[PDB]
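Q: Take this structure, written in structure tokens, and hold onto it; I'll ask about it next.
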Amino acid sequence: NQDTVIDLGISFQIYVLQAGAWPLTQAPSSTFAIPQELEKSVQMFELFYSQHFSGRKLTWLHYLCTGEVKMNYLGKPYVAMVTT
Amino acid sequence: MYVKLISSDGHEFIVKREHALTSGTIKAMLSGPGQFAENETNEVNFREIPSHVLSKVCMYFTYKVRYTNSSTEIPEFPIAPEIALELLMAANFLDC
Amino acid sequence: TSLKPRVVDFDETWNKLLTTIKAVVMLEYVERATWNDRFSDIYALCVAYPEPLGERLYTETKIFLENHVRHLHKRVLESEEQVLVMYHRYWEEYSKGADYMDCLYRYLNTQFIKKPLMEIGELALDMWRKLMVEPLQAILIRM
Amino acid sequence: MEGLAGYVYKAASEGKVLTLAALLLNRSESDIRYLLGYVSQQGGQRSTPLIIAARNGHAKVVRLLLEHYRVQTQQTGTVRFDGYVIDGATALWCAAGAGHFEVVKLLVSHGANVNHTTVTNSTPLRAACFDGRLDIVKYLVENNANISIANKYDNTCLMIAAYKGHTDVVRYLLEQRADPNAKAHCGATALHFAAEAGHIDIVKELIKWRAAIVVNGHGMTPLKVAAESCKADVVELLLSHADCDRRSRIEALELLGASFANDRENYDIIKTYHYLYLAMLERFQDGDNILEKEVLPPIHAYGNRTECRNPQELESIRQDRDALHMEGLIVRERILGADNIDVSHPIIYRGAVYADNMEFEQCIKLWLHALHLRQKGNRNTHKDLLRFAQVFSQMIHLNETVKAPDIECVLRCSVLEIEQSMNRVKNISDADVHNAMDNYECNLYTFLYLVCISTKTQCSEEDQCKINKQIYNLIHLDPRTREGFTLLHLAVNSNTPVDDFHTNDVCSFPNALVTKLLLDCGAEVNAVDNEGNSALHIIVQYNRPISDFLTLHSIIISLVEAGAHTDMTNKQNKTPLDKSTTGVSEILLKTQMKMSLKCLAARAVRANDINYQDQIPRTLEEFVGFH
Amino acid sequence: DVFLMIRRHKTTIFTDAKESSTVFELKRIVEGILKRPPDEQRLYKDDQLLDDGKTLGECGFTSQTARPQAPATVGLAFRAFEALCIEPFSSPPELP
């Protein structure tokens, strides 16, 4: 329902948590940031989240985040989802 | 599926029926006695409103159908000062 | 001749309206062009200067509806043996006429009455109830 | 010169003579006369420098002012500061009311004003009688001041000095051949006034001159007023006057015993039982020809007990404290009557005691009967409706079920009382316009609280129908606040005042359910105040939707479904989209903006400021008005 | 999302289609709404013919010009090519 709809076959999902109660933290000070093919609408999600929560930007921590990875280079004997 | 709208000035403004069913008075005019076959003609002669106002209200019909819930960005409807007033004076008789 | 309040003559306009809505409530075929002209005449009657004739038109069509319903009541009560079939025929005719009339009086329905009184379709059904099934209640329920 | 007037007012406030003379010299005559004959405005009250000279006891400075000038004491000023502060009185009235003999005697000795009939028709002798100093009164007698100067309510010196504890002035007037029966507009004698305050010496003084007994406007002899005010010694003196029969004695004793049962200042239940038993014994004194009771059918508020017509009936409830309270209320109703103004207050006190003891049901019944009696007597019941609002709120806050017919009865009482409030505001607009307007505001707020409590209480279908009937009957009267808020506006407004008592926890504004009930009860959603804001205009002013989105969500959809224009324009020409403080209100409004060509054309016409008068229909004139 | 205002004398049709398309289906839909054979009809953009295989995205109007409002005064006429007799809309009255 965007003004300009963005196309993606990459299947975003939302498991954002609350740092005000969750004991999660990231001692790694070197964020690996994000590849371009994932940033199709993550920024647009930040605008979507700021519709009701404009006072906070998406504090991304990736030590617990994961991601499905294909195995097309060898015939895919398995689907090995790994951390981001 | 294509209803005909005749102005007092003789200009016809045939538009899609779904576009023309967003006006309550047109809703009643198409309904009531008879609906013809397929509404191929379904003619109604708006013998009072001017032709430019009928063109503007058909434009608004297209505008409303296109942007009934089209997100939050909606183009501004351009209205000339000389074409206003009488547009709303006829927007009574074409209650939307 | 745009949509200005032209101070229209009530007599000829109300006579034309009377003929057209009589045809409508009797479900007689009526001209589409005359139907749209009657829409224009309703808008002329509900707007014309120096005072709105909407209350006058409302009372006039109230009188028309009540005398038509009473005439149908007299016909049904005269048709003693087939009171039920006649009542069903006149009920179908009057309900279709009431919906079509409420469509015709749409501008008056949502511009003057809403701004006390009841809607023209609601008024038609209420007149049918209070003058057709309210007097002819015991006969209908017994049959 | 108002600065010079304030300066000389300050100089006379300290009782200074030399600085006043230095400030009231080296000038012409007209300005000096204006300075000595005008009022300075301090604290919102205008008073002459003579008033501040007499008030603080500075009699020497005003005496030398009378010596050095010809200033009069006829200057218009207030009466007192004890909750009246009404002007129109003279300066000598304030001097007598100040309570100093020297200033009054010097003001009388130089331009006496002992015959000033003010707007309240009160001479300074009446002010001296209120002070009660016998020297001032006898000095005004020596100056030959009339004593029959009745006040606004036909109140004379005798009644004024007998309502307050001053037996000396009353006695001196009594041997001065005053009015033995000083009737008033209130229907008093000063025996009633003596009984209201228990000045037993003044009662003795009036008895020694045989001041007689009359019936009050509410149907009360002075003995009955003495019994009602819980004052036994006045009952003694008015019973010893021997112009009272067995029935009068019996009813006075019964009323006194009942009045001791319910009064906060003097609540002695043993006195109640003993006086009631003494009354009952004298009822059955003769064995035969007994003055049997005349008990009314039982009142549902006091259980259903029909008083006590037997000595054993009263003996059975000697230690039954709550039953004795109910018997006292029954006896008060029986003798005082349902129309008296004094019968309501002990019922309210007993209800308050029950509420503080969590006897909520009996409290509701008692306050309901008190409300019925006060509405039948046509009294201001804005506070009692408020009390109903808290006791329902505390009932809900303490998780106790509230019966629907009680809310129906209090809502019917609220609707009728708001009707009489509308009548009063239509009638009264100058005397107590602030008081009547504040009562109107409080009545509207209490109605909102009761509706909110109705929403939080589950009821039957017919109970909901009755509540909706009451709300419909109020709404189709269109109540209006100071700023023009409708009843829907106040429920929408988050700035609506909530009482500091138990209504805070339960009655919260804005409440979505209250708006929904008002809307389906027939609220005029399109109505606007004098500012021009609509119901949609104030709901987008809601500051904290993050705490409760559902409250905001279910009223925005409710207002739009009602038919409120999204593009409504106030007096300063702002749409509710422009007044949306938070983003979520803007989003919900945009999802609820049911736009149309009429609205867009109206916006274009209003922006262009083109001519539209006497061309379009008048409904379109209104449409351009609010678009 | 392209819009068009096909004009043939007093007759006027408001049409919605896709920007990336052709005028073949435009001829077919004016055939359907006019109840006349389609080969006689010949669309004109500012009084000039265009190919039946020419895309309407390059006919002279785009999605940012052929808005839901008045897109373009596209003329039409019926062959017995033909003559483009397009009457202008009635002049609005002068503003007071």
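Taken together, the values in this text are just the output of simple stated rules run on the coordinates, not laboratory data. Methodologically, a virtual Cβ is constructed for each residue, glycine included, from the backbone with ideal geometry; neighbour enumeration extends over all protein chains shown.
Q: Tell me, how many Å apart are the Cα centres for segment D:85-130 and for segment C:61-129?
A: If we compute the Cα centre of each part, the gap is 80 Å.
Q: Classify segment B:17-93: rounded, prolate or oblate, from the alpha-carbon gyration tensor (a ≥ b ≥ c, eigenvalue square roots; a/c under 1.5 rounded; otherwise prolate if a/b is larger than b/c)?
A: On the way: a/c = 2.51, a/b = 1.33, b/c = 1.89.
It is oblate, given that a/c is not under 1.5 and a/b is not larger than b/c.
Q: Another question about this same structure. Once label points are set 7 Å from the Cα along Cα→Cβ at both residue D:183 and residue C:133, what is their separation, rounded to one decimal in nm?
A: 6.7
Q: Once you have a ≥ b ≥ c as the square roots of the Cα gyration tensor eigenvalues for segment D:176-299, tell me rounded if a/c is under 1.5, and otherwise prolate or oblate according to whether a/b is larger than b/c.
A: Prolate, because a/c is 1.5 or more and a/b exceeds b/c.
Q: Please list 3J(HN,Hα) in residue order for segment C:46-52, calculated via the Karplus relation 6.51 cos²θ - 1.76 cosθ + 1.60 where θ = phi - 60°; whole Hz, with x for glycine and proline.
A: Calculated HN-Hα couplings, in order: 8, 10, 4, 6, x, 10, x Hz.
Q: Which three numbers, in whole Å and largest first, are the semi-axes of the equivalent ellipsoid of the protein assembly as shown derived from its Cα gyration tensor as √(5λ)?
A: Its equivalent ellipsoid spans semi-axes of 79, 40, 36 Å.
Q: Same structure, new question: Enumerate the amide H contacts of residue D:532 below 5 Å, restricted to partners 5 or more residues apart or on another chain; note that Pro and chain-start residues carry no placed amide H.
A: Amide H neighbours of residue D:532: D:571.
Q: Calculated FRET efficiency, residue D:505 and residue D:546, Cβ-Cβ r, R0 30 Å, to nearest 0.05?
A: For residue D:505 and residue D:546, the calculated efficiency is 0.90.
Q: Amide H to amide H under 5 Å from residue E:12: which residues, 5+ apart in sequence or cross-chain, H placed 1.01 Å off N in plane?
A: Correct list: B:12, B:13, B:14.
Q: Another one. Taking the Cα-to-Cβ direction at residue E:81 and at residue D:264 and moving 7 Å from each Cα, how far apart do the two end points lie in nm?
A: Those two pseudo-labels are separated by 9.6 nm.
Q: Follow-up. Using just the helices of chain D, give the 222 nm mean residue ellipticity in deg cm²/dmol: DSSP H runs with n ≥ 4 each add -39,500 (n - 2.57), and the total is spread over all residues, rounded to 500. Please report the intermediate quantities before stating the final value.
A: Values: 33 runs with 349 residues, N = 627.
Result for chain D, helices only: -16500 deg cm²/dmol.
Q: Under a point-charge model restricted to the Cβ atoms of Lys and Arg (+1) and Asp and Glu (-1), what is the dipole moment magnitude of the protein assembly as shown relative to its Cα centre, in debye to the nearest 20?
A: 1420
Q: Can I ask one more? Once phi is turned into ³J(HN,Hα) by the Karplus curve 6.51 cos²θ - 1.76 cosθ + 1.60 with θ = phi - 60°, what whole-Hz value does each residue of segment D:448-455 show in order, with x for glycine and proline?
A: 5, 4, 5, 5, 4, 5, 5, 5
Q: Using R₀ = 35 Å, calculate the FRET efficiency as 1/(1 + (r/R₀)^6) where r is the Cβ-Cβ separation of residue A:16 and residue D:577; round to 0.05.
A: 0.75
Q: Can you work out the Karplus-derived ³J(HN,Hα) for every residue in segment D:537-549? Use 6.51 cos²θ - 1.76 cosθ + 1.60 with θ = phi - 60°, whole Hz, and x for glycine or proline.
A: Running phi through 6.51 cos²θ - 1.76 cosθ + 1.60 with θ = phi - 60° gives 6, 8, 6, 7, 8, 5, 8, 10, x, 5, 5, 8, 6 Hz.
Q: Taking H placed 1.01 Å from N in the peptide plane, check which residues at least 5 places from residue C:7 or on another chain put their amide H under 5 Å from its amide H.
A: Here the answer is C:49, since their amide H atoms fall under 5 Å of that of residue C:7.
Q: Rounded to whole Å, give me the distance from the Cα center of segment A:29-75 to that of segment D:570-610.
A: The two parts, judged by their Cα centres, are 37 Å apart.
Q: For residue E:36, put the label point 7 Å out on the Cα→Cβ axis and report which residues of segment E:1-30 keep their amide N under 18 Å from it.
A: E:5-15, E:24-30
Q: Which one, D:130, A:47, D:341, is farthest towards the positive end of the dipole of the protein assembly as shown when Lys and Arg carry +1 and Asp and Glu -1 on their Cβ?
A: Toward the positive end, the furthest listed residue is D:130.
Q: Using a Förster radius of 51 Å, what is the FRET efficiency between residue D:468 and residue C:77 based on their Cβ-Cβ separation? Nearest 0.05, please.
A: After rounding to 0.05, the efficiency reads 0.80.
Q: Within 10 Å of each Cβ in peptide B:21-32, how many partner chain Cβ atoms are there on average? Round it to a whole number, please.
A: Mean number of neighbouring Cβ atoms from other chains: 5.
Q: Could I ask something else about it? At a 10 angstrom cut-off on C-beta neighbours, averaged per residue, how do the peptides D:153-165, C:11-23 rank from highest to lowest?
A: Result, highest mean first: D:153-165, C:11-23.
Q: With n ≥ 4 as the cut-off for DSSP H runs, can you work out [θ] at 222 nm for chain E, using -39500 (n - 2.57) per run divided by the number of residues, rounded to the nearest 500?
A: -3500 deg cm²/dmol
Q: A follow-up question, please. Treating only the Cβ of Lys, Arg, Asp and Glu as charged (+1, +1, -1, -1), what charge dipole size does chain A show about its Cα centre? Round to the nearest 20 debye.
A: That gives chain A a dipole magnitude of about 200 debye.
Q: Among rounded, prolate and oblate, which fits chain D when a ≥ b ≥ c are the square roots of the eigenvalues of its C-alpha gyration tensor, a/c under 1.5 means rounded, and a/b larger than b/c means prolate?
A: oblate
Q: Just grab the label-to-label distance for residue B:27 and residue C:115, each label 7 Å out from Cα along the Cβ direction, in nm (one decimal).
A: 2.0
Q: Within a 10 angstrom radius of each residue's Cβ in C:33-39, how many Cβ atoms of other chains show up on average? Whole number is fine.
A: 5
Q: Then there's this: What percent antiparallel are the DSSP beta bridges of the protein assembly as shown, to the nearest 5?
A: Roughly 75 percent of the DSSP beta bridges within the protein assembly as shown come out antiparallel.
Q: Just order D:521-528, D:311-318, D:442-449 by mean Cβ neighbour count inside 10 Å, highest at the front, would you?
A: Output ranking for D:521-528, D:311-318, D:442-449: D:442-449, D:521-528, D:311-318.
Q: While we're here: By average Cβ neighbour count within 10 Å, what is the ranking of E:48-55, C:130-137 from highest down?
A: Result, highest mean first: C:130-137, E:48-55.
Q: Determine the dipole magnitude for segment B:17-93: charges of +1 sit on the beta-carbon of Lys and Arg, -1 on that of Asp and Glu, nothing else is charged, the reference point is the Cα centre, and the result goes in debye to the nearest 20.
A: 140
Q: Could you state the number of Å between the C-alpha centres of segment D:1-49 and segment D:438-511?
A: First find each Cα centre; the distance between them is then 52 Å.
Q: Counting only other chains, and only Cβ atoms inside 10 Å, what mean value do you get across the residues of B:8-17?
A: 5
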